[PDB]
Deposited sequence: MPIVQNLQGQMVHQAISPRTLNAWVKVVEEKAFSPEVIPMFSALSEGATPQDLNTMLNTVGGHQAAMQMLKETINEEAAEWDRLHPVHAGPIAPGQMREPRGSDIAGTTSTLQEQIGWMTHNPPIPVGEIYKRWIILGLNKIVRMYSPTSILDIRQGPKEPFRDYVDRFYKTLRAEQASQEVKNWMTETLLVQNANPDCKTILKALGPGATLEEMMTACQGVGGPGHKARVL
């Protein structure tokens, strides 16, 4: 993070060892389940590009995913260089924190019109983590179907946990929650849900189908 020193100048605060241990535990245990993106944004809230790189580089496992992340960051950095022909003006590799010093990063982040290289880079990281979260999804929403004995609440949990990983825009997810959620319910359950009509909320669907 960045903290102002008592001497009246902008200074780095090192990302806490407790925060790094929390992030490493998150990635190693949850294995790019979609709640990894909000944990990244939460743990990384004030991060410089050096702090962001520290979070990525300390992940030990999943080096296939962490490579997909690096090469996503490289194409985002390339598009930045294309959009911004040449404090310095930061190149994409400066925002990615590879060709810039910590003092340049703080210089940009605290400039009079701030150039928020920590936020820009955290966007490119979250774009890469999105791609990874989609790829690590073990199944796709059209293949989520309710078992003949399965509680509708457990099927709904599976459906929406899969729908978090799915790529499509909110208009398509709206269509999925309207149509697929009913269509993939089991034969007894689906009758209950159809009897509600198309406007049923998820609360109405679950409470109507509770204990079917």
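Counting the deposited sequence from 1, the stretches lacking C-alpha coordinates are 1, 88-96, 223-232.
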